Structure formats: structure tokens, C-alpha cells
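Scroll down for the structure; my scribbles are underneath it.
There are 2 protein chains.
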Amino acid sequence: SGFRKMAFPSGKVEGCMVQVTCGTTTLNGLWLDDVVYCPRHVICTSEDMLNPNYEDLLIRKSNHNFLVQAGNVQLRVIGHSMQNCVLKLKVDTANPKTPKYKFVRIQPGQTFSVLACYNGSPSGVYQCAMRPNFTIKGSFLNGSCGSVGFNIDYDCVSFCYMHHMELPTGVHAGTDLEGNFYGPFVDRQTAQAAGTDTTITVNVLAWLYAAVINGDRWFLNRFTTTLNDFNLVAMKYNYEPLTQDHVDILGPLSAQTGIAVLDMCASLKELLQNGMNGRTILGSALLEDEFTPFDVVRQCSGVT
Amino acid sequence: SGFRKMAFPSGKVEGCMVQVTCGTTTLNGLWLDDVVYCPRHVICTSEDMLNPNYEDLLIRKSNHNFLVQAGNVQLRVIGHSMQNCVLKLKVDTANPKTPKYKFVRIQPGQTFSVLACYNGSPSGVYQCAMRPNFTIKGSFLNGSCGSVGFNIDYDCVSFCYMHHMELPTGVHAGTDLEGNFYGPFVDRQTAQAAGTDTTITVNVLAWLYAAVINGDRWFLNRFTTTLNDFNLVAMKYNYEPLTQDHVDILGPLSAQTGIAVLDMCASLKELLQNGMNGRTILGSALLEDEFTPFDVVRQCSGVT
Ligand SMILES: O=C(c1ccc2c(c1)OCO2)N1CCCCCC1
Ligand SMILES: O=C(c1ccc2c(c1)OCO2)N1CCCCCC1
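Just so you know, the protein sequences line up as chains A and A', in that order. A prime marks a further copy of an entry chain. Residue numbers for the first sequence follow PDB author numbering, beginning at 1 and rising by one. Residue numbers for the second sequence follow PDB author numbering, beginning at 1 and rising by one.
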């Protein structure tokens, strides 16, 4: 029993992290097969970042201008290309520790583990969610760019995120591994404001199921609701609208606990309207939204 | 910027996890050099657990009764001994992935990463604290026994915890790697109640510094206090007493932020007395106590 914010074991990804230096900028790269993936802003000075023309900056760069170091050994760069906002540096050596992997573009609400790295060396691992405004709330200092987000299905690492920047509000923006930003963000030092950081309703419900399963049941009430009635309250409290697709996804947790999804929605509705009154759920004083239904099932069943 | 509950990268420990089976009980072992460490209750049936005589149960066990599997390969057990509440199974093969390591017995308040494992396979990694009542609040299903807690200093893994049991209240108890329980707990299925789970005051203060550093400053007040005045409030709110040793440990965070430790104590005192009034600090509605001063400095400076 118990329920923890839990990251995937990071070993498979640790094996992929390298240091990329271009001139005086050092950040992290991901080494998969004979390709190192890194943020294209590695070619920028702090000056360049104000209005970079990446294609023009890249003309001034050759293979030998990108220094790739894996541990204390240098990799030979035999090719480089820019795909959207990432650089792909072809090296002469396949990463011998390349795990089974996929590049996936996740949806808002989806959770993933981040291996925070500095100079190509892992510092820590944490769990986070793609926010509905396509930011993430990370822990990233200077040098952490190119740190990656991932899920694991048994032995296959799905890479979903590469860290590129911090907004003036101290939230995080980055790309998938094809170099496409999540949301409307760009790798430029400009006014970029995030939209409304709404609560991931389906994730809250999942976590309320996790709570019931782990014996925290005080918030279960005597009411039910409908998707339309619930959504009116959701809207008011900056919760994401709940769809039938979310209800379907919650089916197994409904089945396990014998609490109909709309009943749990009615318990959530009362929690929003009445607050937690100084109570906690799974040791939280607010409604946790960075566990997916899949995360709850995984942790409650003990998938490895 | 940003501040996350962050575990150590788990790869070094992933390399140490094995499956231990004795008869019909399967749990996890830690394989370091040519020794596999596991909970001695691996020799117990669910029946035995009510009043096990471990020395008597062990007489009925030979080297060949302990099945040790690392991936899909069996290890040959050439010796076994019981040290306190752990078994040490000598195998004929040194773990080739043995990291630099130490066994350390941590104090209450100290944080560590847990690699949750099932059948010797890692499921996830999370951060937790040795509670002042020598429990931890983990996420452990059946088969997770022998999962370990650890800190990393650069390349040296300090093993501090091995998971042994869940109390009837769903909190966790385990040993150091010499098999000595944290607190008064025993590997027997009996009435074992935890004492008061007090708040780790020094850790709250550290996390308030982390908050100020990351721009969350609304709770900073116009007051200071003394250790004796603060402690009277601490006592009342089931916070651990703050010592000069804790004040000294907070010195670097005091220095960095320019907020005297006793001033932050006075801000904490007001938060206890006045509550958070629906406000959050670092996205928490309660005062987080599972970051040490060392953790805050590490994450705020970006140690790898
Ligand atoms: O809802 C509660 C409440 C009840 C029990 C609790 C709790 C809160 O937190 C821990 O256990 N209150 C508090 C007392 C006044 C009545 C209305 C609001
Ligand atoms: O202390 C607060 C408060 C103020 C601002 C906040 C907040 C809480 O949470 C988000 O921003 N209140 C709420 C209003 C009535 C006055 C006393 C209690």
C-alpha cells in the first residue's frame, strides 16, 4: 500500500546522456544509435537568443564545431542537420547502451519522467505532466537544456520531451524528439506568456481512485452527477472538461473500487465547492493532477 | 528554476537488483560483489510470519533452497548467513555492475531514493524521508520486499534502507543493509503501532528557502523569533524541536537568500498559527518536510 509520485527507473536513459558543446555553450544531448539529439540553441550565444536566425547561425558551424563527450571520451561528429528546433549530430559510433526506443508526441495531461542532467551527467529524476497550456513545471537550472522526458513500456523507452527553455514565469517549454515545441513556444528570448494552467480533471479522478484503494476515503460523498453538471463546476474552477473518453479510461479503477466514475465526479465537485477543510488526501492538501489513470493502475498493480 | 521532489538517477541500483525465491516466497535482493542481501522473511510462509523463529526456520534451508535470478540467469549460491534481519547469500559471481557503495544507517529526517522492485525488476523510483517515528511513507505492494533506499555522492551509492514490511496503518518499516530495523519494528506479523509522525522542522525550513530562491516569497513576514519561542510553537504543532545544529546546517541557504534562519522560523511560526489560507508554496498546500538542507542546496546548485 501507499501511493507516491513515482518516476520510471532512469538507467536506460542515463546510458544515453552526453555533453554537447558548441563554442562556449554546453548542454545535454541524447545519444541513440549513431545520432545525438540536442536543442539547436546550443549554437547560440546569450546575445543570439534575443532574435536568432538558426539557419544563418548554422552556416557558420561545421561537424568539428560540435564537441560531443560521453563520459570522458569524445565522439567524432560525421554529420549534422537541424530538424525543427533540434540538432541531429551523426557520430561515427552507435551508442552501445541504446535501449529499445520510440519518439512519441504526448497530449496535455500525459505524465512522464525527466532525467535532469548537467554537462551530460544525470543529477536527478522526477515525474511531471504536460500541462494543458503545454508548459511543464520542472526543475531546470542553466546547463539542463537537452535533458529529456520519457515513459517506459517494459524495455522500450518512449522519448516525449527535450528541455529547451524557461519562460519569464519560471515554467518550462520544450520539444518532442522531432524538435517540435509543445504549444506555441519558440526557442527565442522573447515575451512568451503561458495560458491558463487548468487542472487535469481525469488525472485528479484517477488519483481519487488511488486514494480510495489506499484507504483514504473521507471525501467519498452521497452524491452523483452528470458530465454536463460536473463540467459547469469544472469550468468555474479552471478544471479541464471531462469527456466520455476520460470516463471510459477510468473504467478499470471504477470496476476495482466499485465507485461509478460520475459518483467520484460528484465527490470531486463537493471537494472543489467545500474545499479540503484542512484535511489531506494521500498526504496532499490539494487535488493532485500529475497521475494518469494508467499511472494509477501501474502503481496499484506493480508493473515492472 | 522550479523545485521538484527529485530522486537520484536509479541506474547504478537497477544494476544490483535480483529476484530471491525461497520455496513459494519471491522478493528482491541486492547483489553487491558476490553477496546478495535480502530480507530474512524470504524463508517464511504467510503462516510463519505470525511468530517466526528465524534461526529454527533457517536450519531447514540450504544454499540450494535460495533461488537467485539476475535477469533470466540463475546465480549459484555457495553460502548463506543471517545478519540481524537480512540474509547474505554468497554467490559464485561478483556482480559485474557493482557500483562504488557504502552501507549507512541514516537518522530520522534524512531523505533517500527508493527503487521499488517486483521479482527483481525495477517498477519506479521515488524520494522519501526516514520519519521521526522511523517509518517511511512508501509505495510498496506484495513482492516489493528487498527494494532498497539509497543516496548517491557522485559515483558512490550509499545504501541506507531495505524494505521489509507494512504496518497495519499502511506505513513502511525496514532495515539498514546490516539488517537492523529502523525504530522498534520487527519482521513479525504482530500489533506494531507507529508513534507520532512529527514534521521534520529543519526540512520545512530548507524547503521555505528553496521557495524564496524559486520566487515563492508571499509567506515571508516582518517577524523573527528565538529557538526556545519557535520550539514552544513547534511542540504545539507536532514539529520536531529545532536545534542549533539545524540552524548551522541551514547557514548556506540563510547566506544565499540573506534571510536569517530565525527569521524564516518566525515565518514558519506564522504559517503554522495562521495556516496557508488557500495559498500554495512551490505548488504545495502543506509545508513539505522531505527535502533536507543538503537536498535543497544540491537541486538549487545542480550537483550531478
Ligand atoms: O471539515 C472539517 C474537518 C473535519 C475533520 C478533519 C478535518 C477537517 O481535517 C482533519 O480531520 N472542518 C473542520 C471542523 C469544523 C467543521 C467544518 C470543517
Ligand atoms: O490569506 C488569504 C489569501 C490571500 C491571497 C491569496 C490566497 C489567500 O491564496 C491565493 O492568493 N485569505 C484569503 C482572503 C481573505 C483574507 C484572509 C485569508
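For every residue, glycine included, the Cβ atom is placed at its ideal position computed from N, Cα and C.
Item                                                                                                                              : Value
The segment 118 to 125 of chain A contacting the segment 1 to 16 of chain A', beta-carbon criterion three pairs below 8 Å         : yes
Contact set, ligand 2 heavy atom to C-beta under 6 Å                                                                              : A':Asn277, A':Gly278, A':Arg279
Short-range partners of chain A found in the segment 19 to 41 of chain A', where Cβ spacing is below 9 Å                          : none
Partners in chain A' for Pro99 (chain A), counting only beta-carbon separations shorter than 9 Å                                  : Ordered by position in chain A', no residue passes the 9 Å Cβ test against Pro99 (chain A), which lies about 11 Å from the chain.
Meets three-Cβ-pair contact criterion under 8 Å: the segment 174 to 186 of chain A' and the segment 83 to 91 of chain A'          : yes
Contacts that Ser121 (chain A) makes with chain A' (C-beta to C-beta distance below 7 Å)                                          : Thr304
Interface flag, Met6 (chain A') vs chain A, CB-CB below 7 Å                                                                       : yes
Beta strand (DSSP E) runs wholly inside the segment 56 to 135 of chain A', at least 3 long, in chain order                        : 66 to 70, 73 to 75, 77 to 83, 86 to 91, 100 to 103, 111 to 118, 121 to 129
Under 7 Å from the C-beta of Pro252 (chain A'): neighbouring residues of chain A                                                  : Those within 7 Å of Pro252 (chain A') in chain A number zero; the least Cβ separation is about 16 Å.
Strand pairing of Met6 (chain A'), partner residues [DSSP]                                                                        : None, per the DSSP bridge assignment.
Rounded C-alpha distance that separates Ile78 (chain A') from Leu67 (chain A')                                                    : 12 Å
Option nearest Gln273 (chain A) by Cα separation, candidates A:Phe219, A:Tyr154, A:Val261, A:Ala206                               : A:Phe219
Per DSSP, cross-strand counterpart(s) of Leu27 (chain A')                                                                         : A':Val20
Closer than 7 Å to chain A' by CB, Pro9 (chain A)                                                                                 : yes
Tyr237 (chain A') - DSSP class collapsed to helix/strand/coil                                                                     : coil
8 Å CB neighbourhood of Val104 (chain A') in its chain, flanking five on each side removed                                        : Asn151, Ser158, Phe159, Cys160, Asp176
Option nearest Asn53 (chain A) by Cα separation, candidates A:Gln189, A:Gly251, A:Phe294                                          : A:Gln189
Residues that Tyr118 (chain A') contacts on chain A, provided the C-beta gap is smaller than 9 Å                                  : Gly302, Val303, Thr304
From A':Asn203, A':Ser46, A':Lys97, residue whose alpha carbon lies closest to that of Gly23 (chain A')                           : A':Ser46
Sufficient close CB pairs (3 or more, under 8 Å) joining the segment 255 to 273 of chain A to the segment 160 to 170 of chain A   : no
Sequence-distant residues of the same chain with beta carbon closer than 6 Å to residue 307 (chain A'), five excluded per side    : Nothing can be reported for residue 307 (chain A'): it is not among the residues displayed for chain A', which extend from 1 to 304.
Segment contact, 8 Å Cβ cut-off, at least three pairs: the segment 197 to 212 of chain A' with the segment 239 to 252 of chain A' : yes
Beta-carbon gap between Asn133 (chain A') and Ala193 (chain A') smaller than 7 Å                                                  : no
Where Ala173 (chain A) sits in the DSSP three-state scheme                                                                        : strand
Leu253 (chain A') (DSSP reduced to helix, strand or coil)                                                                         : helix
For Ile249 (chain A), the nearest candidate out of A:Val91, A:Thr292, A:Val36 (CA to CA)                                          : A:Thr292
Separation of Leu32 (chain A') from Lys100 (chain A'), as counted between CA atoms                                                : 9 Å
Cβ-based neighbour list, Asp295 (chain A), same chain, cut-off 6 Å, excluding 5 preceding and 5 following                         : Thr111
Paired residues, beta bridge with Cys145 (chain A') - DSSP                                                                        : Answer by DSSP bridge pairing: none, since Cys145 (chain A') is not bridged.
Straight-line Cα distance separating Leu50 (chain A') from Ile136 (chain A)                                                       : 48 Å
Below-7 Å beta-carbon distance, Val125 (chain A') vs any chain A residue                                                          : yes
Same chain only: Cβ atoms within 6 Å of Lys97 (chain A), ignoring 5 sequence neighbours per side                                  : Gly15
Reference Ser62 (chain A), options A:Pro184, A:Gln74, A:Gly275, A:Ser81, closest by Cα                                            : A:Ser81
Spatially closest choice to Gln244 (chain A) from A:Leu58, A:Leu286, A:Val261, A:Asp216, by CA coordinates                        : A:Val261
7 Å CB neighbourhood of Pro252 (chain A) in its chain, flanking five on each side removed                                         : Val297
Environment of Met264 (chain A) [buried if 16+ CB atoms lie within 10 Å]                                                          : buried
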